[PDB]
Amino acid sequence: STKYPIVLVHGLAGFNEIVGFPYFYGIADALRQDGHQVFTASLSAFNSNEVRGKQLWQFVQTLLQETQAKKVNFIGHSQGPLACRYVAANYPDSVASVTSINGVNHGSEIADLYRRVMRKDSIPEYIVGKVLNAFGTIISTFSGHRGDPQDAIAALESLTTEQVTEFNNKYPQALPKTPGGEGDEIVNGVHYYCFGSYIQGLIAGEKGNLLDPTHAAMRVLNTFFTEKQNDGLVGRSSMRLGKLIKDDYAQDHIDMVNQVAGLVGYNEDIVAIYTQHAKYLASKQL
């Protein structure tokens, strides 16, 4: 079991309420079965990465008080690793490690494209239709066709390349020096690790994902990236932070959090990525 408690971090504070199950599907339960102490910070998706960082620091202060641990091990997905990086940069004594899983560490090309769409920047109507349809599909899969089909796109405003480049200028710690490289494993006494994935193979071979309507949507979005290797939301290169563990899983962005409800690609054991890593962290004296 880890020395320091594990804090799972993601955006969409309302997820569990709206969807009816956790964002990290099955993962905290699996970790606890392995003896680790585990908490989840579900951060505000519709605001900036610095607002989420501040929220996460308030949560961490409260958690450190309740545990008497001196530090935490963050495991973030998507928006999560940026808020984790804010806390590690500002409050390194409180952070043992930052593990980023498909983090939007250098921006999302699909957030960039939506911004070109939102602003009417000469994107053809057929592309607009396919992007909005894909977003709607994913939204409605999770919300049970309940509610608005675009609103939750507000989450991408803080994930554009422009916004994330600004964030990275403030919080450069552990980023790669060469695009597509790795960062330093230890920066200011904090350990940084990354995982990622990119969509691979023809859709008919996907197994469980053939029952998950979000997968084909992710595949539509994947086709609009300049970076070929992408998970539907973020390019493989953009995920990099600290030391690479593994990033060639054949998984879309939400497959990597075991979604929807354990429907993932190729019979891969997503939860095992996390439990194996928690053992690795414990092996590093974290």
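In this text, residue numbers run from 1 along the sequence as written.
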Assert higher mean C-alpha B factor (31 to 39 or 52 to 60, deposited values) equals 31 to 39
Averaging the C-alpha B factors as listed in the entry, name the stretch that ends up higher: 138 to 146 or 94 to 102. 138 to 146
Tell me, please, which of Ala154, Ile75, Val87, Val128 has the highest C-alpha B factor according to the deposited entry? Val128
Per the PDB entry, maximal CA B factor within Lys170, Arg119, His191, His215: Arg119
Pull the Cα B-factor of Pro176 out of the PDB entry and bin it into the chain's lowest, middle or highest third. middle
So where's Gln68 on the chain's Cα temperature factor ranking, which third? highest
Among the modelled residues of its chain, the C-alpha B-factor of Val9 falls in the third labelled lowest
Taking the chain's C-alpha temperature factors as the reference, tell me which third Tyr25 falls into: lowest, middle or highest. middle
How does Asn133 rank on Cα B-factor within its chain, lowest, middle or highest third? highest
